[PDB]
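Protein chains in written order, with the working numbering: chain A, 1 to 417; chain B, 418 to 834. Down below is the structure, laid out as C-alpha cells.
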RNA sequence: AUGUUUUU
Ligand SMILES: Nc1ncnc2c1ncn2[C@@H]1O[C@H](COP(=O)(O)OP(=O)(O)O)[C@@H](O)[C@H]1O
Ligand SMILES: Nc1ncnc2c1ncn2[C@@H]1O[C@H](COP(=O)(O)OP(=O)(O)O)[C@@H](O)[C@H]1O
Ligand code: BEF
Ligand code: BEF
Ligand SMILES: [Mg+2]
Ligand SMILES: [Mg+2]
C-alpha cells in the first residue's frame with residue numbers, strides 16, 4: 001500500500017477496484033478522491049498504509065509531504081507531519097520521509113505520520129549525524145562531465161561544439177546567454193539527453209518556471225529524469241515556493257554525497273517573480289528592479305558548489321537578453337559577474353538557419369585546465385587562435401564542415417596539425 | 418419565440434407587429450423596448466419564450482446571458498441566471514445556455530431561466546462530465562492550416578508570401594510585429610478571408626479593442642465570422658470584460674474539442690488597458706509599466722495551446738512598435754520572448770508602396786518541420802539562403818516578380834532548381 | 001514625487 005503506486009495506476013483500474021470494494025459510484029469522482037476512498041476502505045480492515053514525499057515545513061511549525069508528480073503543489077493527499085516528530089528527528093525542509101500513514105479521523109483533513117522508516121533514502125541513524133550544507137568546503141570543478149555522445153550521431157555535433165567551447169564539470173555554475181528565438185529549447189533538450197546518456201548516475205532535475213505548458217509536457221516526455229515545472233498560469237508565489245523546494249531538496253541530496261544537476265531555464269523569470277513578490281520599499285532602481293529583489297536569486301544561483309567531502313551541485317541557468325525590457329537587461333549582467341561560464345548564442349547565426357548558433361568567440365570556461373589534459377588544452381588553444389580571426393558565421397560554418405568529416409574531435413585535432 | 422430571431426428582424430416589421438398586437442405607440446420607442454413589449458404580450462397569452470447567450474457569472478454568485486451582437490455589453494434584455502441553477506448544473510463563465518425564459522414579474526428587471534435545454538450546443542449529459550481546460554496536455558502545432566487560396570487571384574500573393582515566410586498551424590501562438598502605417602489592416606483582412614475560405618469549419622473570432630468605429634463596422638461587414646470589438650469611446654473596464662468573456666468562451670469551446678481561432682489586433686492596447694485598471698502599488702518600472710500589469714495579458718496570450726485530446730486554440734496578436742511611447746516598447750516587447758512566431762513588417766518597404774511590406778529575413782517559425790514535408794522544408798531553406806544576402810526591398814521585389822509569373826509556389830520552387 | 005521611466 002504505497003501512495004505513488006496508486007498514483008501511477010490508471011483511472012479505469014482504480015474505478016474497478018473501488019467498485020469491487022463496494023463504495024459510492026467512482027465514475028463521477030476524481031482520481032485523488034478515488035484513491036482516498038480506497039485507502040480509507042483498506043485501513044478500515046486493519047491493514048497499514050505507507051506513503052512518501054518531500055517535507056515542506058511551514059512557518060507555524062508543522063509541515064506536509066509534497067509529491068513530485070504535481071510539481072510540489074498543495075494537494076488534499078498531503079501527509080501531515082506534527083512538529084513533535086520534527087523536533088524529535090531534527091527534520092528540515094527537503095528531507096525525504098517514507099513511513100506508515102493513517103487516514104484522517106473525524107475532524108482531520110490530512111494523513112498523519114506514525115513511524116518514519118527511511119530518511120533521505122537512507123537509515124535515520126545516518127541522517128541524525130550529518131554536516132550541514134553551509135559548512136561544506138567549496139572547491140572548483142575537478143571531475144570532468146563529458147557531454148560527447150560518441151555514437152557518431154548527427155545530433156552529437158551540438159555536444160561536440162559545446163565540449164570544444166566550454167567543458168562542464170561537477171559543481172559548475174554557468175550561464176546560457178541567448179536572445180529569444182535562438183534555439184534554447186533544442187539546446188537544453190540536447191544537453192539533458194547527453195547528461196542522461198553519458199552520466200545516468202547523476203540526479204537530473206529540470207526546472208521550468210513561467211513557461212508554455214505544451215513545452216512542459218514536451219520536456220516531461222522527452223528527458224530521462226525528473227521534471228518540476230510551473231506554467232505562467234500560476235502566480236509568482238508558487239514559482240518562489242517551487243524554487244525553494246527544489247533548492248532545499250538539492251541541498252539535502254548533496255548533504256548525502258549525491259551529484260545533483262539542475263538545468264534552470266528561467267533565471268530571468270525567477271528574478272521577475274522575486275521582484276514581484278517582494279514588498280515595495282519606496283525605492284526603485286533603473287529598469288524597475290528593487291534593491292532587495294535580486295538577493296534571493298543571487299543566493300539560489302550561488303548555492304551551486306563542488307563539495308570536497310562528497311557530491312556536487314551543478315546549476316546551468318539560461319538568461320534572457322534583448323527582450324525589449326530594461327529590467328531583464330539589468331538582471332542578466334548583474335548576474336554576468338556571476339556564472340563561472342558563459343555560453344553566448346548569436347541571433348544573426350540563428351537567422352541563417354545554422355544550428356547550433358553558438359558564439360564560440362565569447363564562450364569559454366575559467367580554470368579549464370582542471371578538466372582537460374595538457375595536449376587537449378593546447379589543441380583547444382590552437383583551435384581558438386585559428387577561429388578568432390574569422391567571423392562568427394564563417395567560423396561556425398568552418399567548424400561544422402570540419403566536424404562533419406569525422407566522428408570524434410580527436411581526429412579533427414590530429415588533422416589540424 | 419427566440420431572442421436572436423427578433424433581434425435580426427428590422428425595425429419596421431417589429432413596429433407593425435407591435436401595432437397589430439395592440440400596445441402603446443412603438444414608433445417613438447427603442448427596438449429593444451419594442452421586443453420586450455412584444456415578448457410580454459406574447460407571454461400574457463400563455464406561450465413560451467426561448468432565449469440564448471453566453472453566461473457571465475458575477476462576483477456575488479448570479480449571472481447574465483450576454484449577446485454577441487452587442488459585443489457582450491450590459492443590456493436590459495439580459496437573462497438572469499440564479500445561483501441555484503449554477504450550483505445545480507456546475508455552470509461557469511463562457512457556457513452557452515439556451516432554454517426557456519419568462520418576462521420579469523412585478524419587482525424584477527430581467528428575464529428568468531426556468532429550464533435549460535442545450536449547453537454549449539450539446540446535451541447537458543455530455544457537459545456535466547468534461548475535462549477542464551487547465552488539465553489538457555499541450556502540444557506543438559501538428560495540423561497544417563494552409564493559407565494559400567489557390568484560385569490564382571492577385572490578392573493571393575500575400576497568402577503565398579505568408580506561407581513561404583511563416584506557415585501557421587492549429588494551436589499556434591504568434592505575433593505580428595509592425596510599426597504604425599504599415600498595412601496591418603489589409604494584412605489582417607487578407608488573413609481572415611483566407612481562413613474563412615480555406616478552413617470554414619474553424620470558429621473564427623476577431624477581437625478589436627480600442628479601435629475606430631469605422632474600422633469596426635468595416636471588419637464586421639467584410640469577414641465571414643464573428644466580430645467582437647470595443648471602440649476607444651469605452652473605458653478600459655469594458656475592454657478587460659470583453660477580453661475575459663472572449664477567452665472564457667474560447668476555453669469552453671476548446672473543452673468540447675473545437676478549433677477556435679482568435680485574431681487579436683490590440684495586444685498593446687489590451688496591455689495598456691490592464692495597466693490602467695490595475696490599482697497603483699507605489700512602484701513604477703521603466704516606461705510607466707506596473708509590475709503586476711502584464712500578468713493578465715501574459716496569461717491571455719499563453720492561453721493559446723494545442724490539445725492532444727481534441728481541438729486547438731490559435732491566437733495571432735499584432736504588436737505595436739515605434740509608436741513614440743516607451744511603454745509600448747516595453748509592453749509590445751517583454752512579449753517578444755514569449756511567443757513562437759514573429760512576422761515583422763518594414764516601414765521602409767511600406768513607404769515605397771510595395772505591398773505586402775513583409776520583413777522576410779526576421780520572419781520564421783520554430784519547429785516548422787512538423788507542418789511541412791521534407792522537400793518543402795528543403796526548398797524553403799534554399800529560398801531563405803538565396804534571399805538572405807539580398808536587401809529587404811530587393812528581396813521583396815524579387816519575390817514579387819517571381820511569384821507573379823506563376824500561380825502556385827510549387828512551380829516557382831521547381832523553376833528555382 | 002527621489003530611484004525606475006525619460007536615457008544614449
Ligand atoms: N539545434 C537546432 N537544430 C535545429 N533547429 C533549432 C536548433 N536549436 C533551435 N532551433 C530552432 O529554433 C527554434 C527556437 O529555439 P529555442 O531553443 O526555443 O530558442 P530559445 O529557447 O532561445 O527561445 C526552434 O523551434 C527550432 O526550430
Ligand atoms: N496589401 C496591401 N496592399 C495595398 N495597400 C496596403 C496593403 N497593406 C496596407 N496597405 C496600405 O497601408 C495603409 C495602412 O495599412 P494598415 O494595415 O492600416 O497598417 P497598420 O495596421 O500597421 O496601421 C492602408 O490604408 C493601405 O492603403
Ligand atoms: F523564446 Be526563447 F525560449 F528565449
Ligand atoms: F496604425 Be496601425 F493600425 F498600427
Ligand atoms: Mg526557450
Ligand atoms: Mg491597424
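The beta carbon of each residue, even a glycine, is placed where N, CA and C say it ideally should be.
I need the boundaries of the alpha helix (DSSP H) containing residue i, first residue and last residue.
{"i": "residue 43 of chain A", "result": "31 to 44"}
{"i": "residue 686 of chain B", "result": "684 to 694"}
{"i": "residue 185 of chain A", "result": "184 to 198"}
{"i": "residue 720 of chain B", "result": "Counting along the chain, residue 720 of chain B falls outside any alpha helix (DSSP H), and DSSP gives it neither H nor E."}
{"i": "residue 506 of chain B", "result": "500 to 506"}
{"i": "residue 793 of chain B", "result": "791 to 804"}
{"i": "residue 573 of chain B", "result": "573 to 582"}
{"i": "residue 235 of chain A", "result": "Element bounds for residue 235 of chain A: n/a, residue is neither H nor E."}
{"i": "residue 125 of chain A", "result": "124 to 127"}
According to DSSP, is residue i helix, strand or coil?
{"i": "residue 4 of chain A", "result": "helix"}
{"i": "residue 312 of chain A", "result": "strand"}
{"i": "residue 596 of chain B", "result": "coil"}
{"i": "residue 330 of chain A", "result": "helix"}
{"i": "residue 669 of chain B", "result": "helix"}
{"i": "residue 705 of chain B", "result": "coil"}
{"i": "residue 10 of chain A", "result": "coil"}
{"i": "residue 324 of chain A", "result": "coil"}
{"i": "residue 138 of chain A", "result": "strand"}
{"i": "residue 633 of chain B", "result": "helix"}
{"i": "residue 481 of chain B", "result": "strand"}
{"i": "residue 433 of chain B", "result": "helix"}
{"i": "residue 759 of chain B", "result": "strand"}
Check for me: the beta strand (DSSP E) holding residue i runs from which residue to which?
{"i": "residue 102 of chain A", "result": "96 to 102"}
{"i": "residue 204 of chain A", "result": "203 to 211"}
{"i": "residue 529 of chain B", "result": "528 to 536"}
{"i": "residue 50 of chain A", "result": "49 to 57"}
{"i": "residue 495 of chain B", "result": "It is not in any beta strand (DSSP E) - residue 495 of chain B carries neither H nor E in the DSSP assignment."}
{"i": "residue 406 of chain A", "result": "Run containing residue 406 of chain A: none; DSSP gives neither H nor E here."}
{"i": "residue 643 of chain B", "result": "643 to 648"}
{"i": "residue 353 of chain A", "result": "No beta strand (DSSP E) holds residue 353 of chain A; DSSP gives it neither H nor E."}
{"i": "residue 259 of chain A", "result": "259 to 264"}
What separation, rounded to the nearest whole angstrom, lies between the Cα atoms of residue i and residue j?
{"i": "residue 104 of chain A", "j": "residue 111 of chain A", "result": "5 Å"}
{"i": "residue 95 of chain A", "j": "residue 119 of chain A", "result": "7 Å"}
{"i": "residue 467 of chain B", "j": "residue 443 of chain B", "result": "23 Å"}
{"i": "residue 270 of chain A", "j": "residue 64 of chain A", "result": "24 Å"}
{"i": "residue 366 of chain A", "j": "residue 386 of chain A", "result": "20 Å"}
{"i": "residue 691 of chain B", "j": "residue 499 of chain B", "result": "30 Å"}
{"i": "residue 596 of chain B", "j": "residue 178 of chain A", "result": "25 Å"}
{"i": "residue 19 of chain A", "j": "residue 37 of chain A", "result": "11 Å"}
{"i": "residue 348 of chain A", "j": "residue 393 of chain A", "result": "8 Å"}
{"i": "residue 74 of chain A", "j": "residue 56 of chain A", "result": "10 Å"}
{"i": "residue 798 of chain B", "j": "residue 153 of chain A", "result": "22 Å"}
{"i": "residue 778 of chain B", "j": "residue 190 of chain A", "result": "27 Å"}
{"i": "residue 701 of chain B", "j": "residue 288 of chain A", "result": "7 Å"}
{"i": "residue 346 of chain A", "j": "residue 639 of chain B", "result": "43 Å"}
Using a beta-carbon distance cut-off of less than 9 Å, what residues from the segment 678 to 709 of chain B approach chain A?
698, 699, 700, 701, 702, 703, 704, 706, 708 and 709
Identify each residue in the segment 322 to 350 of chain A for which the Cβ-Cβ distance to at least one residue of chain B is less than 7 Å, and report them in chain order.
323, 324, 325, 326 and 327
When Cβ atoms are compared, which residues of the segment 219 to 235 of chain A fall closer than 7 Å to chain B?
232 and 233
Short of 7 Å Cβ to Cβ, which residues in the segment 710 to 726 of chain B face chain A?
715, 716, 719, 722 and 723
Relative to chain A, which residues along the segment 518 to 531 of chain B have a C-beta separation below 7 Å, given in chain order?
none
Would you list the residues whose beta-carbon is nearer than 5 Å to any heavy atom of ligand 4, in the order they occur in the chain?
B/597 and B/601
Scan the segment 534 to 567 of chain B for residues whose Cβ lies nearer than 9 Å to a Cβ of chain A and list them as they occur along the chain.
545, 546, 551, 553, 554, 555, 556 and 557
Using a Cβ-Cβ cut-off of less than 8 Å, give me the residues of the segment 195 to 212 of chain A that come near chain B, in sequence order.
212
Taking a Cβ distance cut-off of 9 Å, strictly less, list which residues of the segment 15 to 48 of chain A are near chain B, in chain order.
27 and 28
When you check each C-beta in the segment 773 to 791 of chain B against every C-beta of chain A, which residues fall closer than 8 Å?
778, 779, 781 and 783
Which residues, in order along the segment 803 to 824 of chain B, keep a beta-carbon less than 7 Å from a beta-carbon of chain A?
805
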